[PDB]
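Chains as they are written, first to last, in PDB author numbering: chain A, 1 to 252; chain A', 1 to 252. A prime marks a further copy of an entry chain.
2 protein chains.
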Amino acid sequence: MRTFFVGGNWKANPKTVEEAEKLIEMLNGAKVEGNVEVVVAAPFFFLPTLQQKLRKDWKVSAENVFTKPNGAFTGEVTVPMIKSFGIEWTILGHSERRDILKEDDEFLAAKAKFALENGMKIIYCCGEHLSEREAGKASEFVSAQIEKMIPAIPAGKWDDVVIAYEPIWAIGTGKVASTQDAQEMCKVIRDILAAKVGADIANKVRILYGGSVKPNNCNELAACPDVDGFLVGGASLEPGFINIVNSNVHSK
Amino acid sequence: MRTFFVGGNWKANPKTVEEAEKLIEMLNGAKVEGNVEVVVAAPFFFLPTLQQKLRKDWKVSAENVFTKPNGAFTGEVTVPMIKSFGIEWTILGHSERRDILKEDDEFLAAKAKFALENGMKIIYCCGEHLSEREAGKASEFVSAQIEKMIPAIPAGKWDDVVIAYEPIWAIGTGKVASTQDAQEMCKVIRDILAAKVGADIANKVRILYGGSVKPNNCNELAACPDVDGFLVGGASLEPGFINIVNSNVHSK
Ligand code: NA
Ligand code: NA
Ligand code: NA
Ligand code: NA
Ligand code: NA
Ligand code: NA
């Protein structure tokens with residue numbers, strides 16, 4: 001069985017270091033049940049304190065990184081900077097960056113290749129928008145994205161990739177995703193991997209559900225056979241995060 | 001006389017926290033001559049250590065910030081986060097972000113308004129590209145940018161604005177800027193301010209030269225009457241930074 005994986009994405013939160021420290025102390029006291037690999041992603045500015053203070057059985061992640069080691073890229077944070085502090089993970093391709101910050105697939109593949117070649121592990125995000133969901137073309141859209149991702153992955157690095165499916169069509173659209181939606185698209189992704197890079201890899205890669213995950217739906221989502229975990233949004237800031245981490249006991 | 005102002009922009013450098021700490025220890029030992037306001041901008045990830053360890057007579061600056069207090073903006077760092085740690089400054093509108101990260105004037109004006117309304121001080125960057133320089137339309141282009149900036153500034157906040165002119169036309173183009181180029185464009189900007197917001201404000205706002213500044217040209221640049229200081233690139237990482245900070249003795 002693949003090890004269940006839960007990434008907590010704080011996004012651009014909290015507002016103060018005092019709040020981030022309080023949240024860390026809450027995470028540190030949580031009793032994890034079952035078996036699960038937990039990663040916490042936070043704003044660059046809080047990454048030093050998170051790495052220093054977060055429980056050592058969990059790992060810290062950046063929410064984005066640039067494509068280069070360093071250079072004339074005012075405002076950007078790079079792989080060597082966060083790796084120099086012991087941070088092993090980054091999220092790439094999150095819907096908010098693809099959209100608001102206009103990150104395209106070419107930019108994202110470069111990031112994934114550079115990050116992996118430089119020893120990082122990645123949570124690579126994908127997912128289709130409302131028009132493609134409505135048109136019933138969700139699998140084609142998601143395939144194209146995964147197909148741009150695939151050649152970024154060096155030989156031997158699939159152990160360092162996790163994929164998160166975001167139902168962007170259910171974010172701020174008036175539509176909601178069902179548990180079966182989540183299962184279906186995670187299976188779509190697994191099958192794309194099997195067809196393109198082989199069953200051995202497909203059978204080991206964790207594919208996460210990245211839509212709305214809360215204490216009230218995490219257990220039924222975890223039980224879906226192709227859902228290997230979550231990239232959690234707003235609940236990653238709340239005590240409910242632990243219920244989600246613990247939903248691993250319902251996945252087999 | 002306006003107080004001479006030197007901002008050191010590390011850009012996306014150095015690669016490691018060990019290097020940033022060594023650079024800080026170098027800055028801390030430097031003997032400043034004359035009178036000058038010094039700000040050091042560094043990657044988000046190094047801002048905590050810079051704020052903790054940098055000499056207290058100088059101030060730390062972010063190299064960019066987002067337009068919102070917090071929220072669903074994966075990868076972004078916000079004003080309250082850096083203000084919560086005592087950081088008072090940010091750079092906005094740097095050419096590398098306008099270009100590589102595709103930041104437009106509307107995005108940048110929003111940042112400046114939000115930053116200022118939230119108690120930040122800003123270094124707002126502007127500057128024209130090669131085609132406008134060649135066409136002799138450098139002043140019109142720069143005016144338009146400043147004209148988008150101006151309504152972002154709340155009543156009473158001009159004391160918290162510094163403007164940096166970047167001769168983008170001389171970055172990676174095969175063309176170099178002269179000392180007279182720097183003076184001319186800093187004067188162009190001052191005159192736009194005087195005409196649009198009044199002489200009192202124009203006479204107090206520091207306008208910096210943001211092109212290539214090194215130990216070998218800083219004294220002649222500082223002596224230009226409308227050049228009030230520098231936003232320094234690569235030399236901000238080198239012992240030469242101090243020669244630049246000290247070029248204030250040549251400006252009157
Ligand atoms: Na279809
Ligand atoms: Na490997
Ligand atoms: Na499952
Ligand atoms: Na002209
Ligand atoms: Na004021
Ligand atoms: Na001067």
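For each residue, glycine too, the CB sits at the ideal point set by N, CA and C.
Return helix, strand or coil for A:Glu63, following the three-state DSSP convention. coil
Helix, strand or coil: how does DSSP classify A':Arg190 here? helix
Excluding five sequence neighbours on each side, which residues of the same chain lie with their C-beta closer than 7 angstroms to the C-beta of residue 272 of chain A? The question about residue 272 of chain A has no answer here: the residues shown for chain A are numbered 1 through 252.
Grab the span of the beta strand (DSSP E) containing A':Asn9 for me, first residue to last. 5 to 9
For A:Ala135, count the other beta carbons within 10 Å of its own beta carbon; 16 or more makes it buried, fewer makes it exposed. Which is it? exposed
Reference A:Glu37, options A:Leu237, A:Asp228, A:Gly233, A:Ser236, closest by Cα: A:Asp228
Output the residues surrounding ligand 2, defined as those with a CB atom closer than 7 angstroms to any ligand heavy atom, in chain order. A:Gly156, A:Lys157, A:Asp159, A:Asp160
State the Cα-Cα distance for the pair A':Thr49 and A':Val232, rounded to the nearest angstrom. 21 angstroms
Contact test: A':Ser251 Cβ vs ligand 6 heavy atom, cutoff 6 angstroms: yes
Would residue 257 of chain A' and A':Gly7 be called neighbours here (beta carbons separated by less than 7 angstroms)? Look at the range of chain A' in this structure, 1 to 252, and you will see that residue 257 of chain A' is not part of it.
Exposed or buried, which one is A:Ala152 when buried takes at least 16 other CB atoms within 10 Å? buried
Does any C-beta atom of chain A' lie closer than 7 angstroms to the C-beta of A:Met149? no
Under 6 angstroms: does the beta carbon of A':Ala144 sit that close to some heavy atom of ligand 6? no
Use the C-beta contact count for A:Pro154: other C-beta atoms within 10 angstroms, 16 or more gives buried, fewer gives exposed. exposed
Can you give the Cα-Cα distance for A':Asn216 and A':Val17, rounded to whole angstroms? 29 angstroms
Under DSSP, the beta strand (DSSP E) around A:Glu106 begins and ends at which residues? Here A:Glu106 belongs to no beta strand (DSSP E); instead the alpha helix (DSSP H) covers 105 to 117.
Once DSSP output is grouped into helix, strand and coil, what is the label at A:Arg206? strand
Taking A:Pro239 as the reference, which of A:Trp10, A:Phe4, A:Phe5 has the closest Cα? A:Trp10
Alpha carbons only, please: which of A:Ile163, A:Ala199, A:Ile100, A:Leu101 is nearest the one belonging to A:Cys186? A:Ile163
From A:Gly86, A:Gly172, A:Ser212, pick the residue whose C-alpha is nearest to that of residue 256 of chain A; which is it? Examination of residue 256 of chain A is not possible in this model, given that chain A is present from 1 through 252 alone.
Under 6 angstroms: does the beta carbon of A':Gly136 sit that close to some heavy atom of ligand 4? yes
If I measure Cβ to Cβ from A:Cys126 and keep anything under 8 angstroms in the same chain, skipping five residues before and after, which residues do I get? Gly93, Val142, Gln145, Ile146, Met149, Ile163, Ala164, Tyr165, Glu166, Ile189
Please determine whether the Cβ atom of A:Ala182 lies at a distance below 6 angstroms from any heavy atom of ligand 3. no
Alpha-carbon spacing of A':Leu221 relative to A':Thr179, whole angstroms: 6 angstroms
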